$ cat data.pdb   # PDB, C-alpha atoms and all ligand atoms
MODEL        1
ATOM      1  CA  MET A   1       4.910  -4.207 -15.668
ATOM      2  CA  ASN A   2       6.127  -1.287 -13.464
ATOM      3  CA  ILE A   3       3.069  -0.292 -11.351
ATOM      4  CA  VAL A   4       2.325   1.904  -8.319
ATOM      5  CA  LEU A   5      -0.792   1.210  -6.324
ATOM      6  CA  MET A   6      -1.658   4.470  -4.684
ATOM      7  CA  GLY A   7      -4.225   5.369  -2.119
ATOM      8  CA  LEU A   8      -4.961   6.688   1.319
ATOM      9  CA  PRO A   9      -4.715   4.425   4.388
ATOM     10  CA  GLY A  10      -7.429   1.770   4.135
ATOM     11  CA  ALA A  11      -8.227   2.377   0.438
ATOM     12  CA  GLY A  12      -7.892  -1.437  -0.305
ATOM     13  CA  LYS A  13      -4.309  -1.387  -1.768
ATOM     14  CA  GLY A  14      -3.168  -4.524   0.090
ATOM     15  CA  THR A  15      -6.471  -6.251  -0.786
ATOM     16  CA  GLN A  16      -6.105  -5.374  -4.493
ATOM     17  CA  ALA A  17      -2.425  -6.196  -4.536
ATOM     18  CA  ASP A  18      -3.114  -9.897  -3.719
ATOM     19  CA  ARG A  19      -5.217 -10.072  -6.828
ATOM     20  CA  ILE A  20      -2.777  -8.303  -9.163
ATOM     21  CA  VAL A  21       0.209 -10.275  -7.895
ATOM     22  CA  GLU A  22      -1.679 -13.570  -8.044
ATOM     23  CA  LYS A  23      -2.714 -12.810 -11.603
ATOM     24  CA  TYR A  24       0.463 -11.283 -13.070
ATOM     25  CA  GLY A  25       3.138 -12.801 -10.710
ATOM     26  CA  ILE A  26       5.070  -9.548 -10.193
ATOM     27  CA  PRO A  27       6.500  -8.935  -6.751
ATOM     28  CA  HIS A  28       4.411  -6.965  -4.211
ATOM     29  CA  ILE A  29       6.633  -4.248  -2.745
ATOM     30  CA  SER A  30       4.905  -2.512   0.201
ATOM     31  CA  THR A  31       6.970  -0.106   2.277
ATOM     32  CA  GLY A  32       4.672  -0.619   5.233
ATOM     33  CA  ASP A  33       5.338  -4.445   5.093
ATOM     34  CA  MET A  34       9.097  -3.746   4.838
ATOM     35  CA  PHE A  35       9.103  -1.501   7.902
ATOM     36  CA  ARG A  36       7.158  -4.159   9.880
ATOM     37  CA  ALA A  37       9.706  -6.776   8.737
ATOM     38  CA  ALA A  38      12.591  -4.534   9.973
ATOM     39  CA  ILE A  39      10.660  -4.095  13.248
ATOM     40  CA  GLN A  40      10.451  -7.961  13.441
ATOM     41  CA  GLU A  41      14.193  -8.318  12.749
ATOM     42  CA  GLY A  42      14.568  -5.616  15.327
ATOM     43  CA  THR A  43      17.109  -3.811  13.185
ATOM     44  CA  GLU A  44      17.980  -0.257  14.117
ATOM     45  CA  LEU A  45      16.135   0.850  10.982
ATOM     46  CA  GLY A  46      12.999  -0.900  12.351
ATOM     47  CA  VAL A  47      13.340   0.602  15.847
ATOM     48  CA  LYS A  48      13.673   4.094  14.328
ATOM     49  CA  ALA A  49      10.820   3.614  11.748
ATOM     50  CA  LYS A  50       8.529   2.387  14.490
ATOM     51  CA  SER A  51       8.509   5.731  16.432
ATOM     52  CA  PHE A  52       6.930   7.309  13.405
ATOM     53  CA  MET A  53       4.629   4.464  12.533
ATOM     54  CA  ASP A  54       3.214   4.218  16.059
ATOM     55  CA  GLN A  55       2.208   7.964  15.764
ATOM     56  CA  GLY A  56       0.815   7.484  12.260
ATOM     57  CA  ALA A  57       3.541   9.731  10.938
ATOM     58  CA  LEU A  58       5.480   9.125   7.760
ATOM     59  CA  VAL A  59       8.841   7.527   8.153
ATOM     60  CA  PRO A  60      11.473  10.075   6.890
ATOM     61  CA  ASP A  61      11.938  10.165   3.149
ATOM     62  CA  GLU A  62      15.653   9.320   3.080
ATOM     63  CA  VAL A  63      15.141   6.211   5.205
ATOM     64  CA  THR A  64      12.194   5.206   3.008
ATOM     65  CA  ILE A  65      13.793   5.895  -0.392
ATOM     66  CA  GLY A  66      16.760   3.916   0.969
ATOM     67  CA  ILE A  67      14.920   0.649   1.494
ATOM     68  CA  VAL A  68      13.111   1.073  -1.772
ATOM     69  CA  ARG A  69      16.383   1.563  -3.761
ATOM     70  CA  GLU A  70      17.725  -1.604  -2.217
ATOM     71  CA  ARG A  71      14.590  -3.623  -2.732
ATOM     72  CA  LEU A  72      13.777  -2.686  -6.360
ATOM     73  CA  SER A  73      17.391  -3.369  -7.411
ATOM     74  CA  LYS A  74      16.857  -7.061  -6.529
ATOM     75  CA  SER A  75      16.608  -9.285  -9.691
ATOM     76  CA  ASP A  76      13.042 -10.409  -8.855
ATOM     77  CA  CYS A  77      11.794  -6.915  -9.941
ATOM     78  CA  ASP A  78      13.608  -6.938 -13.351
ATOM     79  CA  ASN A  79      10.475  -7.926 -15.232
ATOM     80  CA  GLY A  80       8.117  -5.814 -13.186
ATOM     81  CA  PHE A  81       6.761  -4.962  -9.839
ATOM     82  CA  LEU A  82       3.846  -3.678  -7.775
ATOM     83  CA  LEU A  83       4.823  -0.820  -5.467
ATOM     84  CA  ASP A  84       2.184  -0.463  -2.807
ATOM     85  CA  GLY A  85       2.062   2.787  -0.748
ATOM     86  CA  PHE A  86       5.181   4.217  -2.265
ATOM     87  CA  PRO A  87       5.743   6.900  -3.180
ATOM     88  CA  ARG A  88       3.769   9.093  -0.769
ATOM     89  CA  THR A  89       5.805  12.310  -1.205
ATOM     90  CA  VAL A  90       7.230  14.283  -4.076
ATOM     91  CA  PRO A  91      10.816  13.458  -3.047
ATOM     92  CA  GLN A  92       9.952   9.723  -2.947
ATOM     93  CA  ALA A  93       8.304  10.122  -6.394
ATOM     94  CA  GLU A  94      11.360  11.765  -7.849
ATOM     95  CA  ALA A  95      13.877   9.392  -6.336
ATOM     96  CA  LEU A  96      11.758   6.604  -7.869
ATOM     97  CA  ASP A  97      11.907   8.184 -11.346
ATOM     98  CA  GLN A  98      15.649   8.518 -10.936
ATOM     99  CA  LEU A  99      16.475   5.093  -9.697
ATOM    100  CA  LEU A 100      14.343   3.622 -12.505
ATOM    101  CA  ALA A 101      15.822   5.949 -15.143
ATOM    102  CA  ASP A 102      19.258   4.596 -14.057
ATOM    103  CA  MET A 103      17.955   1.134 -15.082
ATOM    104  CA  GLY A 104      16.567   2.377 -18.448
ATOM    105  CA  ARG A 105      13.023   2.067 -17.046
ATOM    106  CA  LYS A 106      10.035   3.995 -15.853
ATOM    107  CA  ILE A 107       6.806   3.648 -13.906
ATOM    108  CA  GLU A 108       4.023   2.975 -16.393
ATOM    109  CA  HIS A 109       0.798   3.089 -14.338
ATOM    110  CA  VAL A 110      -0.148   4.750 -11.097
ATOM    111  CA  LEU A 111      -3.474   3.346 -10.018
ATOM    112  CA  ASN A 112      -5.073   5.645  -7.501
ATOM    113  CA  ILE A 113      -7.749   4.005  -5.454
ATOM    114  CA  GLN A 114     -10.204   6.672  -4.243
ATOM    115  CA  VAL A 115     -12.427   6.295  -1.197
ATOM    116  CA  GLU A 116     -14.083   8.981   0.959
ATOM    117  CA  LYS A 117     -12.658   9.597   4.480
ATOM    118  CA  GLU A 118     -15.608   8.130   6.358
ATOM    119  CA  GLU A 119     -15.443   4.821   4.563
ATOM    120  CA  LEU A 120     -11.645   4.694   5.069
ATOM    121  CA  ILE A 121     -12.253   5.118   8.823
ATOM    122  CA  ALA A 122     -14.915   2.358   8.969
ATOM    123  CA  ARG A 123     -12.476   0.075   7.075
ATOM    124  CA  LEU A 124      -9.656   0.551   9.511
ATOM    125  CA  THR A 125     -11.906   0.060  12.542
ATOM    126  CA  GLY A 126     -12.844  -3.577  11.982
ATOM    127  CA  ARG A 127      -9.673  -4.520  10.085
ATOM    128  CA  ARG A 128      -7.819  -7.750  10.971
ATOM    129  CA  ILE A 129      -4.412  -8.963   9.760
ATOM    130  CA  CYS A 130      -3.073 -12.531   9.389
ATOM    131  CA  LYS A 131      -0.108 -13.482  11.654
ATOM    132  CA  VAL A 132       1.188 -15.899   8.977
ATOM    133  CA  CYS A 133       0.890 -14.003   5.710
ATOM    134  CA  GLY A 134       0.042 -10.363   6.516
ATOM    135  CA  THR A 135      -3.243 -10.363   4.510
ATOM    136  CA  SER A 136      -6.146  -8.233   5.794
ATOM    137  CA  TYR A 137      -9.777  -9.056   6.524
ATOM    138  CA  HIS A 138     -12.659  -6.955   7.834
ATOM    139  CA  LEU A 139     -15.086  -8.306  10.448
ATOM    140  CA  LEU A 140     -18.048  -6.628   8.744
ATOM    141  CA  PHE A 141     -17.069  -6.063   5.154
ATOM    142  CA  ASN A 142     -14.749  -8.815   4.139
ATOM    143  CA  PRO A 143     -14.587 -11.483   6.854
ATOM    144  CA  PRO A 144     -12.610 -14.724   6.666
ATOM    145  CA  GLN A 145     -14.566 -17.842   5.916
ATOM    146  CA  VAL A 146     -13.892 -19.090   9.380
ATOM    147  CA  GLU A 147     -13.801 -16.691  12.271
ATOM    148  CA  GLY A 148     -10.231 -15.784  13.410
ATOM    149  CA  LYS A 149      -8.442 -17.896  10.726
ATOM    150  CA  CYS A 150      -6.881 -16.757   7.489
ATOM    151  CA  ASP A 151      -8.397 -18.393   4.352
ATOM    152  CA  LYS A 152      -4.978 -18.853   2.838
ATOM    153  CA  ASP A 153      -2.940 -20.603   5.563
ATOM    154  CA  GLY A 154      -5.105 -20.912   8.680
ATOM    155  CA  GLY A 155      -3.204 -18.113  10.356
ATOM    156  CA  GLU A 156      -4.456 -16.373  13.422
ATOM    157  CA  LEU A 157      -5.868 -12.879  12.851
ATOM    158  CA  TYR A 158      -5.061  -9.879  14.959
ATOM    159  CA  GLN A 159      -5.529  -6.148  15.168
ATOM    160  CA  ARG A 160      -2.696  -3.914  13.939
ATOM    161  CA  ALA A 161      -1.782  -1.570  16.838
ATOM    162  CA  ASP A 162      -1.960   1.518  14.564
ATOM    163  CA  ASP A 163      -5.525   0.765  13.571
ATOM    164  CA  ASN A 164      -6.849   2.584  16.643
ATOM    165  CA  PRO A 165      -9.124   5.581  16.108
ATOM    166  CA  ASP A 166      -6.631   8.325  17.133
ATOM    167  CA  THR A 167      -3.777   6.924  15.028
ATOM    168  CA  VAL A 168      -6.036   6.345  12.032
ATOM    169  CA  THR A 169      -7.147  10.037  12.083
ATOM    170  CA  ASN A 170      -3.509  11.085  12.213
ATOM    171  CA  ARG A 171      -2.621   8.611   9.427
ATOM    172  CA  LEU A 172      -5.399   9.929   7.083
ATOM    173  CA  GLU A 173      -4.396  13.547   7.621
ATOM    174  CA  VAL A 174      -0.668  13.119   7.272
ATOM    175  CA  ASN A 175      -1.004  11.080   4.064
ATOM    176  CA  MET A 176      -3.562  13.379   2.515
ATOM    177  CA  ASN A 177      -1.209  16.302   3.234
ATOM    178  CA  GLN A 178       0.988  14.725   0.584
ATOM    179  CA  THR A 179      -1.627  13.478  -1.893
ATOM    180  CA  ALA A 180      -2.847  16.234  -4.158
ATOM    181  CA  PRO A 181       0.588  17.491  -5.185
ATOM    182  CA  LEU A 182       1.610  13.867  -5.831
ATOM    183  CA  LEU A 183      -1.513  13.235  -7.947
ATOM    184  CA  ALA A 184      -0.564  16.431  -9.795
ATOM    185  CA  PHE A 185       2.989  15.112 -10.239
ATOM    186  CA  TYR A 186       1.747  11.842 -11.814
ATOM    187  CA  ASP A 187      -1.360  13.347 -13.528
ATOM    188  CA  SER A 188       0.922  15.782 -15.377
ATOM    189  CA  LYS A 189       3.231  12.930 -16.567
ATOM    190  CA  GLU A 190       0.270  11.149 -18.114
ATOM    191  CA  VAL A 191       0.313   7.805 -16.127
ATOM    192  CA  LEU A 192      -2.292   8.387 -13.367
ATOM    193  CA  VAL A 193      -5.650   6.636 -13.359
ATOM    194  CA  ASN A 194      -8.220   7.273 -10.616
ATOM    195  CA  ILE A 195     -10.201   4.274  -9.546
ATOM    196  CA  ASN A 196     -13.444   4.155  -7.615
ATOM    197  CA  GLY A 197     -12.412   1.956  -4.678
ATOM    198  CA  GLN A 198     -15.676   2.468  -2.901
ATOM    199  CA  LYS A 199     -17.548  -0.655  -4.095
ATOM    200  CA  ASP A 200     -17.085  -4.431  -4.161
ATOM    201  CA  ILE A 201     -13.577  -5.782  -3.962
ATOM    202  CA  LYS A 202     -14.206  -7.707  -7.252
ATOM    203  CA  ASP A 203     -15.482  -4.567  -8.990
ATOM    204  CA  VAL A 204     -12.523  -2.411  -7.947
ATOM    205  CA  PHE A 205     -10.382  -5.189  -9.331
ATOM    206  CA  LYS A 206     -12.005  -5.096 -12.819
ATOM    207  CA  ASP A 207     -11.315  -1.369 -13.056
ATOM    208  CA  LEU A 208      -7.648  -1.965 -12.186
ATOM    209  CA  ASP A 209      -7.265  -4.909 -14.455
ATOM    210  CA  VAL A 210      -8.741  -3.042 -17.479
ATOM    211  CA  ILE A 211      -5.781  -0.658 -17.169
ATOM    212  CA  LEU A 212      -3.192  -3.379 -16.558
ATOM    213  CA  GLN A 213      -3.902  -4.896 -20.012
TER     214      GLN A 213
HETATM  215  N1  LIG A 301       6.193   5.407   1.300
HETATM  216  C1  LIG A 301       6.231   5.666   2.641
HETATM  217  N2  LIG A 301       6.804   6.823   3.119
HETATM  218  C2  LIG A 301       6.858   7.074   4.476
HETATM  219  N3  LIG A 301       6.356   6.250   5.410
HETATM  220  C3  LIG A 301       5.737   5.096   5.054
HETATM  221  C4  LIG A 301       5.652   4.716   3.652
HETATM  222  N4  LIG A 301       5.040   3.475   3.612
HETATM  223  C5  LIG A 301       4.708   3.154   4.855
HETATM  224  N5  LIG A 301       5.136   4.085   5.725
HETATM  225  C6  LIG A 301       4.985   4.001   7.188
HETATM  226  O1  LIG A 301       4.404   2.731   7.507
HETATM  227  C7  LIG A 301       3.118   2.925   8.131
HETATM  228  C8  LIG A 301       2.165   1.783   7.788
HETATM  229  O2  LIG A 301       2.130   1.651   6.395
HETATM  230  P1  LIG A 301       1.168   0.559   5.621
HETATM  231  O3  LIG A 301       0.782  -0.553   6.604
HETATM  232  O4  LIG A 301       1.517   0.442   4.167
HETATM  233  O5  LIG A 301      -0.141   1.252   5.055
HETATM  234  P2  LIG A 301      -1.202   2.293   5.601
HETATM  235  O6  LIG A 301      -0.901   3.640   4.954
HETATM  236  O7  LIG A 301      -1.154   2.001   7.061
HETATM  237  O8  LIG A 301      -2.590   1.623   4.913
HETATM  238  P3  LIG A 301      -2.558   0.125   4.261
HETATM  239  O9  LIG A 301      -1.641   0.096   3.038
HETATM  240  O10 LIG A 301      -2.267  -0.792   5.457
HETATM  241  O11 LIG A 301      -4.121   0.049   3.846
HETATM  242  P4  LIG A 301      -4.599  -0.625   2.477
HETATM  243  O12 LIG A 301      -5.287   0.263   1.454
HETATM  244  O13 LIG A 301      -3.659  -1.707   1.950
HETATM  245  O14 LIG A 301      -5.842  -1.395   3.176
HETATM  246  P5  LIG A 301      -6.398  -2.979   3.022
HETATM  247  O15 LIG A 301      -6.345  -3.397   1.560
HETATM  248  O16 LIG A 301      -6.059  -3.611   4.333
HETATM  249  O17 LIG A 301      -8.000  -2.629   3.205
HETATM  250  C9  LIG A 301      -8.421  -1.999   4.427
HETATM  251  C10 LIG A 301      -9.631  -2.685   5.042
HETATM  252  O18 LIG A 301     -10.712  -2.613   4.119
HETATM  253  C11 LIG A 301     -11.173  -3.945   3.758
HETATM  254  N6  LIG A 301     -11.522  -3.747   2.337
HETATM  255  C12 LIG A 301     -10.685  -3.800   1.332
HETATM  256  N7  LIG A 301     -11.311  -3.489   0.179
HETATM  257  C13 LIG A 301     -12.595  -3.230   0.479
HETATM  258  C14 LIG A 301     -13.775  -2.850  -0.319
HETATM  259  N8  LIG A 301     -13.712  -2.673  -1.666
HETATM  260  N9  LIG A 301     -14.873  -2.640   0.384
HETATM  261  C15 LIG A 301     -14.965  -2.846   1.724
HETATM  262  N10 LIG A 301     -13.940  -3.215   2.506
HETATM  263  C16 LIG A 301     -12.740  -3.422   1.899
HETATM  264  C17 LIG A 301     -10.027  -4.892   4.126
HETATM  265  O19 LIG A 301     -10.540  -6.187   4.522
HETATM  266  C18 LIG A 301      -9.385  -4.167   5.315
HETATM  267  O20 LIG A 301      -9.987  -4.459   6.600
HETATM  268  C19 LIG A 301       2.652   4.314   7.729
HETATM  269  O21 LIG A 301       1.642   4.782   8.662
HETATM  270  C20 LIG A 301       3.975   5.046   7.714
HETATM  271  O22 LIG A 301       4.386   5.248   9.055
HETATM  272 ZN    ZN A 302      -2.614 -15.688   6.021
ENDMDL
END

$ encode --input "data.pdb" --output "structure tokens" --more "lines below"
Ligand SMILES: Nc1ncnc2c1ncn2[C@@H]1O[C@H](COP(=O)(O)OP(=O)(O)OP(=O)(O)OP(=O)(O)OP(=O)(O)OC[C@H]2O[C@@H](n3cnc4c(N)ncnc43)[C@H](O)[C@@H]2O)[C@@H](O)[C@H]1O
Ligand SMILES: [Zn+2]
Amino acid sequence: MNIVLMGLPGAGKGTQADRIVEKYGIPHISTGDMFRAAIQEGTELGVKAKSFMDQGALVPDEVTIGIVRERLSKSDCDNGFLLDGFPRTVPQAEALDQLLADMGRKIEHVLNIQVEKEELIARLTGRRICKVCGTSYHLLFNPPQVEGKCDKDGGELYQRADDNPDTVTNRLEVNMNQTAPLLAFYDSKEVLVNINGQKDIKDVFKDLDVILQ
């Protein structure tokens, strides 16, 4: 089960990932989580990634492909994996084909979660993230059971610094700059499915899960 969960910032990739991972027990590999981990280690990689992330810019492709090479070569991905927000560029996409072709494998499904820009913006305005596990809530649209506390581990919730309005606008634009030619890459190789992400979390999930089996 070699999957890519694709979508613009705030499309519900993280939200849908928890469901796919919990159901099929394949590792969730998000580049954005990895960069935040490196920032928490305070590695040099993290310090350098963070300049870009704070602007809402992409982290350079070579850096990014790097950590993905390393990560997907770990034995826990041998039987499958859920890439989340990678690739975002044609060179990332290619380097992914190549590193998998070296292992006698390929990506088998790119699930592209589509949401209009205005909705994406509303989603990243009230978003909250768990200190303990990294899961996201939304104060309006998908709140925790108990205010301020994650439903999974009781973790405190907080606001990601890049979820401010200026950085969000930058993030949507930058990522969209990459999107159509990448859809065209995957659409042409016959693995891309578009998914209406603009409805209930459970309903988006059914659409995904249809494809997964
Ligand atoms: N491959 C790469 N190349 C280069 N640089 C890279 C890279 N990967 C990362 N980077 C760098 O790292 C940075 C951060 O990356 P990262 O943090 O991965 O991602 P992002 O692009 O910032 O967007 P997310 O993946 O955080 O959003 P998502 O769709 O998972 O949203 P969620 O499910 O929370 O949902 C959003 C909100 O909506 C709510 N919600 C979810 N589903 C629904 C629904 N159906 N209806 C209503 N509300 C919903 C949630 O509760 C939540 O509040 C980038 O800006 C870049 O600098
Ligand atoms: Zn949590």

$ residues_around --input "data.pdb" --residues "region 97-110 of chain A" --least-positions-apart "6" --cutoff "6 Å" --atoms "all atoms listed in the file" --output "list in words"
residues 2, 3, 4, 5, 191 and 192 of chain A

$ resolve_selection --input "data.pdb" --expression "the PyMOL selection byres (((chain A and resi 183) around 12) and not hetatm)" --output "VMD selection string"
chain A and resid 4 6 to 8 87 to 90 93 110 to 114 176 to 182 184 to 194

$ resolve_selection --input "data.pdb" --expression "the PyMOL selection byres (((chain A and resi 120-128) around 8) and not hetatm)" --output "ChimeraX atom specification"
/A:8-11,115-119,129-130,136-141,157-160,163-165,168-169

$ closest_residue --input "data.pdb" --among "A:211, A:36, A:78, A:18" --to "ligand ZN 302 (chain A)" --atoms "all atoms listed in the file"
A:18

$ residues_near_ligand --input "data.pdb" --ligand "ligand ZN 302 (chain A)" --cutoff "8 Å" --atoms "only C-alpha atoms and all ligand atoms" --output "PyMOL selection string"
chain A and resi 129-135+149-156

$ closest_residue --input "data.pdb" --among "A:175, A:43, A:15, A:73" --to "ligand LIG 301 (chain A)" --atoms "all atoms listed in the file"
A:15

$ resolve_selection --input "data.pdb" --expression "the PyMOL selection byres (((chain A and resi 65) around 12) and not hetatm)" --output "ChimeraX atom specification"
/A:31,34,59-64,66-72,86-99

$ closest_residue --input "data.pdb" --among "A:80, A:42, A:27, A:143" --to "ligand LIG 301 (chain A)" --atoms "all atoms listed in the file"
A:143

$ closest_residue --input "data.pdb" --among "A:19, A:28, A:202, A:48" --to "ligand LIG 301 (chain A)" --atoms "all atoms listed in the file"
A:202

$ decode --input "data.pdb" --residues "region 49-116 of chain A" --atoms "C-alpha atoms" --output "PDB file, in the first residue's frame"
ATOM      1  CA  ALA A  49      14.061  24.532   6.948  1.00  0.00           C
ATOM      2  CA  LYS A  50      12.435  26.886   9.414  1.00  0.00           C
ATOM      3  CA  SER A  51      13.409  30.102   7.499  1.00  0.00           C
ATOM      4  CA  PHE A  52      11.320  28.851   4.633  1.00  0.00           C
ATOM      5  CA  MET A  53       8.490  27.456   6.681  1.00  0.00           C
ATOM      6  CA  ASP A  54       8.047  30.665   8.683  1.00  0.00           C
ATOM      7  CA  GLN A  55       7.541  32.533   5.308  1.00  0.00           C
ATOM      8  CA  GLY A  56       5.211  29.840   3.978  1.00  0.00           C
ATOM      9  CA  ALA A  57       7.775  29.014   1.340  1.00  0.00           C
ATOM     10  CA  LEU A  58       8.690  25.522   0.243  1.00  0.00           C
ATOM     11  CA  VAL A  59      11.772  24.060   1.782  1.00  0.00           C
ATOM     12  CA  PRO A  60      14.305  23.455  -1.087  1.00  0.00           C
ATOM     13  CA  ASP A  61      13.762  20.281  -3.050  1.00  0.00           C
ATOM     14  CA  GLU A  62      17.165  18.695  -2.398  1.00  0.00           C
ATOM     15  CA  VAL A  63      16.803  19.098   1.364  1.00  0.00           C
ATOM     16  CA  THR A  64      13.264  17.697   1.162  1.00  0.00           C
ATOM     17  CA  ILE A  65      13.979  14.750  -1.160  1.00  0.00           C
ATOM     18  CA  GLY A  66      16.889  14.019   1.199  1.00  0.00           C
ATOM     19  CA  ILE A  67      14.812  13.431   4.309  1.00  0.00           C
ATOM     20  CA  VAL A  68      12.276  11.496   2.323  1.00  0.00           C
ATOM     21  CA  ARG A  69      14.934   9.108   0.861  1.00  0.00           C
ATOM     22  CA  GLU A  70      16.175   8.445   4.359  1.00  0.00           C
ATOM     23  CA  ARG A  71      12.762   7.995   5.883  1.00  0.00           C
ATOM     24  CA  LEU A  72      11.153   5.709   3.258  1.00  0.00           C
ATOM     25  CA  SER A  73      14.220   3.424   3.278  1.00  0.00           C
ATOM     26  CA  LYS A  74      13.422   2.530   6.919  1.00  0.00           C
ATOM     27  CA  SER A  75      12.025  -1.067   7.255  1.00  0.00           C
ATOM     28  CA  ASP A  76       8.689   0.156   8.690  1.00  0.00           C
ATOM     29  CA  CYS A  77       7.706   1.325   5.138  1.00  0.00           C
ATOM     30  CA  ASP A  78       8.522  -2.039   3.423  1.00  0.00           C
ATOM     31  CA  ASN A  79       4.894  -3.115   3.369  1.00  0.00           C
ATOM     32  CA  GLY A  80       3.492   0.297   2.599  1.00  0.00           C
ATOM     33  CA  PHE A  81       3.213   3.870   3.561  1.00  0.00           C
ATOM     34  CA  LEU A  82       1.167   7.067   3.522  1.00  0.00           C
ATOM     35  CA  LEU A  83       3.120  10.048   2.200  1.00  0.00           C
ATOM     36  CA  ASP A  84       1.366  13.205   3.259  1.00  0.00           C
ATOM     37  CA  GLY A  85       2.261  16.503   1.486  1.00  0.00           C
ATOM     38  CA  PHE A  86       5.032  15.002  -0.549  1.00  0.00           C
ATOM     39  CA  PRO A  87       5.705  15.374  -3.335  1.00  0.00           C
ATOM     40  CA  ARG A  88       4.778  19.010  -3.995  1.00  0.00           C
ATOM     41  CA  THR A  89       7.060  19.588  -7.020  1.00  0.00           C
ATOM     42  CA  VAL A  90       7.932  17.748 -10.185  1.00  0.00           C
ATOM     43  CA  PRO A  91      11.508  17.113  -8.998  1.00  0.00           C
ATOM     44  CA  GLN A  92      10.181  15.655  -5.708  1.00  0.00           C
ATOM     45  CA  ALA A  93       7.746  13.511  -7.766  1.00  0.00           C
ATOM     46  CA  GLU A  94      10.505  12.184  -9.953  1.00  0.00           C
ATOM     47  CA  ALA A  95      12.971  11.523  -7.171  1.00  0.00           C
ATOM     48  CA  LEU A  96      10.145   9.558  -5.507  1.00  0.00           C
ATOM     49  CA  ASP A  97       9.584   7.416  -8.622  1.00  0.00           C
ATOM     50  CA  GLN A  98      13.308   6.784  -8.749  1.00  0.00           C
ATOM     51  CA  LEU A  99      13.939   5.901  -5.176  1.00  0.00           C
ATOM     52  CA  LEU A 100      10.948   3.527  -5.290  1.00  0.00           C
ATOM     53  CA  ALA A 101      11.985   2.033  -8.645  1.00  0.00           C
ATOM     54  CA  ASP A 102      15.358   1.236  -6.970  1.00  0.00           C
ATOM     55  CA  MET A 103      13.351  -0.883  -4.477  1.00  0.00           C
ATOM     56  CA  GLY A 104      11.306  -2.632  -7.226  1.00  0.00           C
ATOM     57  CA  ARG A 105       8.258  -0.559  -6.212  1.00  0.00           C
ATOM     58  CA  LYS A 106       6.002   2.255  -7.243  1.00  0.00           C
ATOM     59  CA  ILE A 107       3.394   4.664  -5.927  1.00  0.00           C
ATOM     60  CA  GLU A 108      -0.018   3.135  -6.563  1.00  0.00           C
ATOM     61  CA  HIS A 109      -2.528   5.854  -5.589  1.00  0.00           C
ATOM     62  CA  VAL A 110      -2.328   9.606  -5.385  1.00  0.00           C
ATOM     63  CA  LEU A 111      -5.411  10.821  -3.589  1.00  0.00           C
ATOM     64  CA  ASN A 112      -5.937  14.482  -4.293  1.00  0.00           C
ATOM     65  CA  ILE A 113      -8.175  16.183  -1.815  1.00  0.00           C
ATOM     66  CA  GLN A 114      -9.812  19.207  -3.483  1.00  0.00           C
ATOM     67  CA  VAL A 115     -11.172  22.201  -1.600  1.00  0.00           C
ATOM     68  CA  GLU A 116     -11.793  25.770  -2.818  1.00  0.00           C
TER      69      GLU A 116
END
